[PDB]
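Presented below is the structure to which this report refers.
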Amino acid sequence: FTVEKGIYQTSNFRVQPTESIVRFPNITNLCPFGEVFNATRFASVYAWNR
Amino acid sequence: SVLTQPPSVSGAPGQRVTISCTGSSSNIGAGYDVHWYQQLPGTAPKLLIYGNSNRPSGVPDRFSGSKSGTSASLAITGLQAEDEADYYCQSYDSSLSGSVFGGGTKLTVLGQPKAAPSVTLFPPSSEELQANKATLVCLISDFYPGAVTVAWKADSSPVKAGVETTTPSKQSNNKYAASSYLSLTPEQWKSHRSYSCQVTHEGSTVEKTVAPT
Ligand SMILES: *[C@@H]1O[C@H](CO)[C@@H](O)[C@H](O)[C@H]1NC(C)=O
């Protein structure tokens, strides 16, 4: 209950982060799929492109 | 193009022969059915099996068709005397917006034992000299199989221009005959001392020579 003059260490200071970044790439690769829509002509409804 | 097939397959008369066909995920692996056809060299192809589940009329049960997901397979049991044709894969392609066929597999092993060839050399006649051309023919007859290489020499250097070789055809007595022409001109025909044809069959080489003068 009595403290004299001097230096004293009580606890420690920790800076806890508040946000996290977990993104690995800047962008991913693609595969050719726009040719289904960007095509010269389409198919019919009795025989459609699969 | 999009469908690849092996060039040839080997088998035995009495064992199971199975062919494997591989395409893409948009024509055969997408869910479309496949159809197999036989391309006989000389007659129009006909239907063998459609959908790999139904048997068309006039087709034996010996052919079996299955689709192992992306790849389709055809299996046969025993080799008879009409399988000397080509097998193709036909399926609907969404990317091509139409039907595309396969490559084709040849089904043969060996049917050609050896024989003894004989050649003859005939110089051009007198009426051929005024046509401003010289057709040198060295006929080959009574040989088996029809796989003969043809070489032309003028006793000082081989001739590598105008050399041709015709495909052989079956004779009356199950042999083969062939001919080889050589396009030249009468201007240098008389200058050369002699002309000849040289052929080689299973290591047997025969030579016949003519003299224009
Ligand atoms: C189709 O083409 C247009 C213009 O050429 C383009 O803007 C678009 O990204 C392409 N792909 C699709 C799926 O529309």
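Convention: chains lettered A, B, ... in structure tokens order; per-chain residue numbering from 1; ligands numbered from 1 as shown.
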Grab me every residue within 6 Å of ligand 1, counting only C-alpha atoms and all ligand atoms, and send it over as an mmCIF file with C-alpha atoms, in the first residue's frame.
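The result, written out as result.cif:
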data_model
loop_
_atom_site.group_PDB
_atom_site.id
_atom_site.type_symbol
_atom_site.label_atom_id
_atom_site.label_comp_id
_atom_site.auth_asym_id
_atom_site.auth_seq_id
_atom_site.Cartn_x
_atom_site.Cartn_y
_atom_site.Cartn_z
ATOM 1 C CA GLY A 34 -16.854 -15.055 -74.255
ATOM 2 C CA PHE A 37 -21.852 -14.842 -76.488
ATOM 3 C CA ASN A 38 -19.449 -13.047 -78.866
#
**Request:** Return the neighbours of chain A among the residues of chain B, cut-off 12 Å, counting only C-alpha atoms, as number ranges by chain.
**Result:** B: 25-32, 92-98
**Request:** Mind the document's chain letters and residue numbers, and return as a ChimeraX atom specification the residues of region 62-193 of chain B that DSSP labels helix (DSSP H, G or I).
**Result:** /B:126-131,186-189
**Item:** Point-to-point distance from CA of residue 49 (chain B) to CA of residue 5 (chain B), Å rounded to tenths
**Value:**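 Separating CA of residue 49 (chain B) from CA of residue 5 (chain B) is a distance of 18.3 Å.
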